[PDB]
Amino acid sequence: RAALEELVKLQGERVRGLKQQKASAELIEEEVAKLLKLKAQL
Amino acid sequence: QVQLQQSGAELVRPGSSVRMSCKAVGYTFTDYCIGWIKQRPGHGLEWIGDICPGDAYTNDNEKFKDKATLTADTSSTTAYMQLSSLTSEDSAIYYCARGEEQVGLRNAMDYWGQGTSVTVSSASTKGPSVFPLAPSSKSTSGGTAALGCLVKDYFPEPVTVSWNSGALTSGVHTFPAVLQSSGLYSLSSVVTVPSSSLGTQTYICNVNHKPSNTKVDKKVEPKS
Amino acid sequence: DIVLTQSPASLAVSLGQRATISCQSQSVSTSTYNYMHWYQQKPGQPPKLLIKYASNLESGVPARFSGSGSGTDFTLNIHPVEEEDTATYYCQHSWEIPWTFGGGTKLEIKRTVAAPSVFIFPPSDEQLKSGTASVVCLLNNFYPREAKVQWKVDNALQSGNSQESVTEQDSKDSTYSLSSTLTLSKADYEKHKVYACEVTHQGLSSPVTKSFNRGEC
């Protein structure tokens, strides 16, 4: 679980960084969808 | 319940700096960004910037680069906005609103604060004079008469008016304030009542002007 | 920045009919989501979110409100329209920084013609002590908003010495009210007798005048 929690924490910081970098809205969707996928496993 | 509790109205001089607060409760403070919105007559709504608490960063509007500064205090779950180099163009109502999830999609703003009115002026605070609008003696015996209160010469906005301590609300019209040429505001508040009640029933307008600590209870009766 | 063009800027719709507000801009949609949102703002109140992501109705918001469209065109629909729906409606994108709003659409509720009840008020003796006389004319609960208030003092038409205020459309009976204040100096006021307020409105088949005599009980 701790290994899976590490993935969610990291992916959640991925979508944050991309927001700070003012990346496109399309990219944010994809990465939020990744986080959603990971959260469903926890 | 999610609530965004903003600070009170402010009257400040041109060239000065002001700082307002936004207390957010009912949800995890660091999971959402908070948007700041500017509203002044004739300019609709305008996005000032977002604050994203926790590992705090901001989403910036270039038009408000040196004008607005967004900060946050996670421990007290309070967001702050500071407006500097204030001019008349900064006179507006400012809302804070809960925006997107920090790790979620781009979003709208669902929960809003009640707003903080900022008046940029060099004019002094002045309490209003309250004058009766006495019901006409020409009032139809079994019909409807009108009476009210004239609230004149005050600054700044707003004044609040109730009737009989808020018990009388039906038929009440409190008109929007009009800016007189003297730079002072003025408005009226009227109410329609049965003509058979003019000589027997009590009608008192409750005028309140917070910026000058002015509270006036004016009884309105037929002029004899 | 991204410009949101709303149309119309103002709208008048009868009870039970349909309100259609449009918002046009550059594409603020992906292939999956549409990042356009709708707000309602009534006078004296903060704006209230109605629709997020083009067509998702917020909980608590009546089903009479609906949204549609994608990419460059979005429409807000209100059906049926009710008295309490009088407000300004805004569109807003969350596509890319900065977020911007549309110009806004002022929705007026249309109703049957109502003639104004007219009342005139002489200045109080308390005010006269200060050296200023204010004469007020009241136009109560009328529709449409258009009304003509003409001040007369001893049958002499006035100009440039009055200011009128109008209430927001009542969210229950869809009427308006109007107050007109005639401002005179104590000297100019006490040199005359007959003060009259003449009102011209669609609901009136003839101009209605209310008057009083200075000093008359």
# chains A, B, ... in the order shown; residues from 1 in each chain; ligands from 1
$ residues_around --residues "residue 172 of chain C" --least-positions-apart "6" --cutoff "9 Å" --atoms "only C-alpha atoms" --output "ChimeraX atom specification"
/C:82-84
$ closest_atom_pairs --of "chain C" --to "chain A" --cutoff "12 Å" --atoms "only C-alpha atoms" --output "tab-separated table"
residue	atom	partner	partner_atom	distance
C:27	CA	A:25	CA	11.7
C:28	CA	A:25	CA	9.1
C:29	CA	A:25	CA	8.9
C:30	CA	A:26	CA	6.3
C:31	CA	A:26	CA	8.6
C:32	CA	A:29	CA	8.8
C:33	CA	A:29	CA	8.8
C:34	CA	A:25	CA	10.5
C:35	CA	A:25	CA	9.1
C:93	CA	A:25	CA	11.5
C:94	CA	A:25	CA	8.8
C:95	CA	A:25	CA	6.2
C:96	CA	A:25	CA	6.8
C:97	CA	A:22	CA	7.4
C:98	CA	A:22	CA	10.1
$ closest_atom_pairs --of "chain B" --to "chain C" --cutoff "6 Å" --atoms "only C-alpha atoms" --output "CSV"
residue,atom,partner,partner_atom,distance
B:61,CA,C:98,CA,5.8
B:106,CA,C:94,CA,5.8
B:107,CA,C:94,CA,6.0
B:110,CA,C:49,CA,5.5
B:114,CA,C:46,CA,5.9
B:133,CA,C:121,CA,6.0
B:175,CA,C:167,CA,5.5
$ write_last_selection --atoms "C-alpha atoms" --output "compact mmCIF listing (two decimals), in the first residue's frame"
# COMPACT_ATOMS: atom_id res chain seq x y z
CA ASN B 61 -3.44 37.95 -14.00
CA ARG B 106 -9.84 23.09 -14.29
CA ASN B 107 -13.12 24.21 -12.78
CA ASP B 110 -18.97 27.25 -6.67
CA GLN B 114 -20.33 37.78 0.45
CA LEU B 133 -41.93 61.91 4.03
CA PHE B 175 -34.42 53.17 -3.40
$ closest_atom_pairs --of "chain A" --to "chain B" --cutoff "8 Å" --atoms "only C-alpha atoms" --output "Markdown table"
| residue | atom | partner | partner_atom | distance |
| --- | --- | --- | --- | --- |
| A:12 | CA | B:103 | CA | 5.8 |
| A:13 | CA | B:103 | CA | 7.9 |
| A:15 | CA | B:103 | CA | 6.0 |
| A:16 | CA | B:103 | CA | 6.2 |
| A:20 | CA | B:57 | CA | 7.5 |
| A:25 | CA | B:106 | CA | 7.4 |
| A:28 | CA | B:105 | CA | 6.7 |
| A:29 | CA | B:105 | CA | 6.2 |
| A:32 | CA | B:104 | CA | 5.9 |
$ closest_residue --among "C:205, C:24, C:213, C:77" --to "residue 2 of chain C" --atoms "only C-alpha atoms"
C:24
$ select_by_dssp --residues "segment 3-181 of chain C" --states "strand (DSSP E or B)" --output "short mmCIF file (atom, residue, chain, number, x, y, z; two decimals) with N, CA and C atoms, in the first residue's frame"
data_model
loop_
_atom_site.label_atom_id
_atom_site.label_comp_id
_atom_site.auth_asym_id
_atom_site.auth_seq_id
_atom_site.Cartn_x
_atom_site.Cartn_y
_atom_site.Cartn_z
N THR C 5 -17.74 36.71 -25.86
CA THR C 5 -18.78 37.60 -26.36
C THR C 5 -20.17 37.05 -26.07
N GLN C 6 -20.91 37.75 -25.21
CA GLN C 6 -22.28 37.35 -24.89
C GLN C 6 -23.29 38.08 -25.76
N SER C 7 -24.45 37.46 -25.93
CA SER C 7 -25.54 38.06 -26.69
C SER C 7 -26.87 37.43 -26.28
N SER C 10 -28.81 42.55 -23.10
CA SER C 10 -30.00 42.61 -22.26
C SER C 10 -31.16 41.88 -22.95
N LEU C 11 -32.07 41.34 -22.15
CA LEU C 11 -33.16 40.53 -22.68
C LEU C 11 -34.44 40.67 -21.86
N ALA C 12 -35.58 40.67 -22.53
CA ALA C 12 -36.88 40.73 -21.87
C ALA C 12 -37.75 39.55 -22.30
N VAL C 13 -38.12 38.70 -21.35
CA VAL C 13 -38.88 37.50 -21.64
C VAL C 13 -40.15 37.40 -20.79
N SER C 14 -41.26 37.04 -21.42
CA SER C 14 -42.54 36.90 -20.73
C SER C 14 -42.56 35.67 -19.83
N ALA C 19 -35.88 31.69 -22.26
CA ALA C 19 -34.78 32.63 -22.34
C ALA C 19 -33.54 31.94 -22.90
N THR C 20 -32.96 32.51 -23.95
CA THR C 20 -31.78 31.94 -24.58
C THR C 20 -30.62 32.93 -24.59
N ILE C 21 -29.60 32.64 -23.79
CA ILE C 21 -28.42 33.49 -23.72
C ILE C 21 -27.22 32.79 -24.33
N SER C 22 -26.54 33.46 -25.26
CA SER C 22 -25.44 32.85 -25.98
C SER C 22 -24.08 33.39 -25.56
N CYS C 23 -23.06 32.54 -25.64
CA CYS C 23 -21.69 32.94 -25.36
C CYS C 23 -20.77 32.39 -26.43
N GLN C 24 -20.07 33.29 -27.13
CA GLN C 24 -19.15 32.87 -28.18
C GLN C 24 -17.72 33.30 -27.88
N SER C 29 -12.84 24.00 -25.39
CA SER C 29 -13.19 22.61 -25.15
C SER C 29 -12.11 21.66 -25.64
N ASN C 34 -15.87 20.41 -21.77
CA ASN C 34 -16.10 21.77 -22.24
C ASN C 34 -15.95 22.76 -21.09
N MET C 36 -16.55 25.76 -20.18
CA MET C 36 -17.34 26.98 -20.09
C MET C 36 -18.35 26.84 -18.95
N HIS C 37 -18.54 27.91 -18.19
CA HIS C 37 -19.40 27.85 -17.01
C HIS C 37 -20.37 29.04 -16.98
N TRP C 38 -21.48 28.88 -16.27
CA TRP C 38 -22.50 29.92 -16.20
C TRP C 38 -22.79 30.36 -14.76
N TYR C 39 -22.90 31.67 -14.56
CA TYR C 39 -23.23 32.22 -13.26
C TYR C 39 -24.48 33.09 -13.31
N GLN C 40 -25.21 33.12 -12.20
CA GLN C 40 -26.33 34.04 -12.03
C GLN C 40 -26.01 35.02 -10.92
N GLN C 41 -26.20 36.31 -11.18
CA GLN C 41 -26.01 37.31 -10.14
C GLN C 41 -27.21 38.25 -10.04
N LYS C 48 -23.86 33.46 -8.39
CA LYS C 48 -24.12 32.07 -8.04
C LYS C 48 -23.90 31.16 -9.23
N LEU C 49 -23.07 30.13 -9.04
CA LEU C 49 -22.80 29.17 -10.10
C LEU C 49 -24.04 28.37 -10.45
N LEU C 50 -24.41 28.38 -11.73
CA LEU C 50 -25.54 27.59 -12.20
C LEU C 50 -25.06 26.32 -12.89
N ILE C 51 -24.25 26.50 -13.93
CA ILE C 51 -23.78 25.40 -14.75
C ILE C 51 -22.26 25.36 -14.81
N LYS C 52 -21.68 24.19 -14.58
CA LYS C 52 -20.26 24.00 -14.81
C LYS C 52 -20.05 22.98 -15.93
N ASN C 56 -23.50 20.75 -16.89
CA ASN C 56 -23.71 20.13 -15.59
C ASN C 56 -24.40 21.07 -14.61
N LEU C 57 -25.63 20.74 -14.25
CA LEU C 57 -26.44 21.56 -13.36
C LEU C 57 -26.00 21.39 -11.91
N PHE C 65 -33.18 25.75 -15.49
CA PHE C 65 -31.91 26.18 -16.05
C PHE C 65 -31.20 25.01 -16.73
N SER C 66 -30.64 25.27 -17.90
CA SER C 66 -29.90 24.26 -18.63
C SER C 66 -28.85 24.90 -19.53
N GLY C 67 -27.80 24.15 -19.84
CA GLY C 67 -26.74 24.65 -20.70
C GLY C 67 -26.34 23.63 -21.74
N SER C 68 -25.83 24.11 -22.87
CA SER C 68 -25.41 23.23 -23.95
C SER C 68 -24.33 23.88 -24.80
N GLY C 69 -23.89 23.16 -25.83
CA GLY C 69 -22.88 23.67 -26.74
C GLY C 69 -21.49 23.12 -26.44
N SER C 70 -20.55 23.42 -27.32
CA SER C 70 -19.17 22.98 -27.17
C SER C 70 -18.24 23.81 -28.04
N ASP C 73 -19.11 27.76 -29.19
CA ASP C 73 -20.44 28.28 -28.93
C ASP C 73 -21.13 27.58 -27.76
N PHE C 74 -21.66 28.39 -26.84
CA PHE C 74 -22.35 27.88 -25.66
C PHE C 74 -23.62 28.68 -25.42
N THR C 75 -24.68 28.00 -25.00
CA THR C 75 -25.96 28.66 -24.77
C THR C 75 -26.54 28.31 -23.40
N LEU C 76 -27.05 29.33 -22.71
CA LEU C 76 -27.78 29.13 -21.47
C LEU C 76 -29.27 29.22 -21.74
N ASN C 77 -30.04 28.26 -21.23
CA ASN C 77 -31.48 28.25 -21.45
C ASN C 77 -32.27 28.29 -20.15
N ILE C 78 -33.29 29.14 -20.11
CA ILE C 78 -34.19 29.22 -18.97
C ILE C 78 -35.62 29.00 -19.42
N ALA C 87 -32.09 38.81 -13.33
CA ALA C 87 -30.71 38.89 -12.87
C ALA C 87 -29.77 39.11 -14.05
N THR C 88 -28.48 39.24 -13.74
CA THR C 88 -27.46 39.29 -14.77
C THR C 88 -26.77 37.94 -14.86
N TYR C 89 -26.60 37.44 -16.08
CA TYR C 89 -26.02 36.11 -16.28
C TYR C 89 -24.67 36.19 -16.99
N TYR C 90 -23.68 35.52 -16.42
CA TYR C 90 -22.32 35.56 -16.95
C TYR C 90 -21.83 34.18 -17.39
N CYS C 91 -21.08 34.16 -18.48
CA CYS C 91 -20.34 32.97 -18.86
C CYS C 91 -18.88 33.15 -18.45
N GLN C 92 -18.20 32.05 -18.16
CA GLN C 92 -16.79 32.10 -17.80
C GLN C 92 -16.07 30.83 -18.22
N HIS C 93 -14.87 30.99 -18.77
CA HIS C 93 -14.07 29.84 -19.17
C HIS C 93 -13.03 29.51 -18.10
N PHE C 101 -14.47 36.57 -17.98
CA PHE C 101 -15.93 36.49 -17.98
C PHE C 101 -16.50 37.14 -19.23
N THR C 105 -25.37 39.25 -19.34
CA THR C 105 -26.68 39.46 -19.94
C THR C 105 -27.72 39.78 -18.88
N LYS C 106 -28.30 40.97 -18.97
CA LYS C 106 -29.33 41.39 -18.02
C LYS C 106 -30.70 40.89 -18.46
N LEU C 107 -31.26 39.97 -17.68
CA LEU C 107 -32.56 39.40 -17.99
C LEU C 107 -33.68 40.12 -17.25
N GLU C 108 -34.60 40.70 -18.02
CA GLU C 108 -35.78 41.35 -17.45
C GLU C 108 -37.01 40.46 -17.64
N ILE C 109 -37.85 40.39 -16.62
CA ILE C 109 -39.08 39.61 -16.73
C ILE C 109 -40.21 40.48 -17.27
N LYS C 110 -40.85 40.02 -18.33
CA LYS C 110 -41.91 40.78 -18.98
C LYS C 110 -43.27 40.45 -18.38
N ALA C 114 -48.61 47.88 -16.02
CA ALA C 114 -49.13 48.36 -14.76
C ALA C 114 -48.88 49.85 -14.60
N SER C 117 -48.70 54.24 -9.21
CA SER C 117 -49.38 55.05 -8.22
C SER C 117 -48.47 56.22 -7.87
N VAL C 118 -48.99 57.44 -8.00
CA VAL C 118 -48.16 58.62 -7.82
C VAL C 118 -48.42 59.32 -6.49
N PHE C 119 -47.33 59.68 -5.81
CA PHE C 119 -47.40 60.41 -4.55
C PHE C 119 -46.38 61.54 -4.56
N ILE C 120 -46.77 62.71 -4.05
CA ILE C 120 -45.84 63.82 -3.93
C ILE C 120 -45.63 64.17 -2.45
N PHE C 121 -44.39 64.49 -2.09
CA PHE C 121 -44.06 64.81 -0.71
C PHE C 121 -43.38 66.17 -0.59
N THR C 132 -32.10 73.97 2.94
CA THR C 132 -32.34 73.25 1.69
C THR C 132 -33.73 72.62 1.70
N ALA C 133 -34.39 72.62 0.54
CA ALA C 133 -35.70 72.01 0.41
C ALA C 133 -35.68 70.89 -0.61
N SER C 134 -36.10 69.70 -0.19
CA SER C 134 -36.19 68.56 -1.09
C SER C 134 -37.64 68.14 -1.30
N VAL C 135 -38.07 68.12 -2.56
CA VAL C 135 -39.41 67.68 -2.90
C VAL C 135 -39.33 66.34 -3.62
N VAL C 136 -40.09 65.36 -3.13
CA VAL C 136 -40.00 64.00 -3.65
C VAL C 136 -41.29 63.55 -4.33
N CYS C 137 -41.16 62.97 -5.52
CA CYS C 137 -42.29 62.37 -6.21
C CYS C 137 -42.09 60.86 -6.27
N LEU C 138 -43.11 60.11 -5.87
CA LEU C 138 -43.02 58.65 -5.83
C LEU C 138 -43.87 57.99 -6.91
N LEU C 139 -43.24 57.14 -7.70
CA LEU C 139 -43.95 56.32 -8.68
C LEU C 139 -43.87 54.87 -8.23
N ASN C 140 -45.01 54.30 -7.85
CA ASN C 140 -45.02 53.01 -7.18
C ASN C 140 -45.55 51.85 -8.02
N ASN C 141 -44.75 50.79 -8.11
CA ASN C 141 -45.15 49.52 -8.73
C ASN C 141 -45.74 49.67 -10.13
N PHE C 142 -44.88 49.92 -11.11
CA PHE C 142 -45.33 50.09 -12.48
C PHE C 142 -44.51 49.25 -13.47
N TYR C 143 -45.05 49.09 -14.67
CA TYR C 143 -44.37 48.39 -15.75
C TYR C 143 -44.98 48.83 -17.08
N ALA C 147 -40.68 55.75 -17.82
CA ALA C 147 -41.62 56.70 -17.24
C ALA C 147 -41.05 58.11 -17.32
N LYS C 148 -41.93 59.09 -17.49
CA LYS C 148 -41.51 60.48 -17.59
C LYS C 148 -41.98 61.28 -16.38
N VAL C 149 -41.03 61.82 -15.63
CA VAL C 149 -41.35 62.66 -14.48
C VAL C 149 -41.01 64.12 -14.77
N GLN C 150 -42.03 64.97 -14.72
CA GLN C 150 -41.85 66.39 -15.00
C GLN C 150 -42.20 67.23 -13.77
N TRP C 151 -41.22 67.98 -13.27
CA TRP C 151 -41.44 68.84 -12.12
C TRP C 151 -41.96 70.22 -12.52
N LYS C 152 -42.95 70.71 -11.78
CA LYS C 152 -43.50 72.04 -12.01
C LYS C 152 -43.60 72.82 -10.70
N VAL C 153 -43.14 74.07 -10.73
CA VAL C 153 -43.29 74.95 -9.57
C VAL C 153 -43.96 76.25 -10.01
N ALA C 156 -44.31 76.39 -13.63
CA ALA C 156 -43.07 76.59 -14.37
C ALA C 156 -42.27 75.29 -14.44
N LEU C 157 -41.97 74.85 -15.66
CA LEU C 157 -41.26 73.59 -15.87
C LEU C 157 -39.82 73.66 -15.35
N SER C 162 -33.12 68.13 -10.58
CA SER C 162 -33.72 66.93 -10.01
C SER C 162 -32.89 65.69 -10.30
N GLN C 163 -33.03 64.68 -9.45
CA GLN C 163 -32.38 63.39 -9.64
C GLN C 163 -33.37 62.28 -9.30
N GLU C 164 -33.44 61.26 -10.15
CA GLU C 164 -34.38 60.17 -9.90
C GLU C 164 -33.67 58.84 -9.72
N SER C 165 -34.22 58.00 -8.85
CA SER C 165 -33.70 56.66 -8.61
C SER C 165 -34.77 55.63 -8.94
N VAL C 166 -34.34 54.48 -9.45
CA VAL C 166 -35.26 53.40 -9.81
C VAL C 166 -34.86 52.10 -9.14
N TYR C 176 -41.55 47.94 -11.27
CA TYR C 176 -40.52 48.89 -10.86
C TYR C 176 -41.14 49.99 -10.02
N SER C 177 -40.31 50.66 -9.22
CA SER C 177 -40.73 51.86 -8.52
C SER C 177 -39.72 52.98 -8.75
N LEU C 178 -40.19 54.22 -8.69
CA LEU C 178 -39.33 55.36 -8.99
C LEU C 178 -39.55 56.50 -8.00
N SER C 179 -38.45 57.09 -7.54
CA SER C 179 -38.50 58.28 -6.72
C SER C 179 -37.73 59.41 -7.39
N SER C 180 -38.36 60.57 -7.51
CA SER C 180 -37.70 61.74 -8.08
C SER C 180 -37.62 62.85 -7.04
N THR C 181 -36.41 63.34 -6.79
CA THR C 181 -36.20 64.35 -5.77
C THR C 181 -35.88 65.72 -6.37
#
$ residues_around --residues "residue 2 of chain A" --least-positions-apart "5" --cutoff "10 Å" --atoms "only C-alpha atoms" --output "PyMOL selection string"
chain A and resi 7-8+42
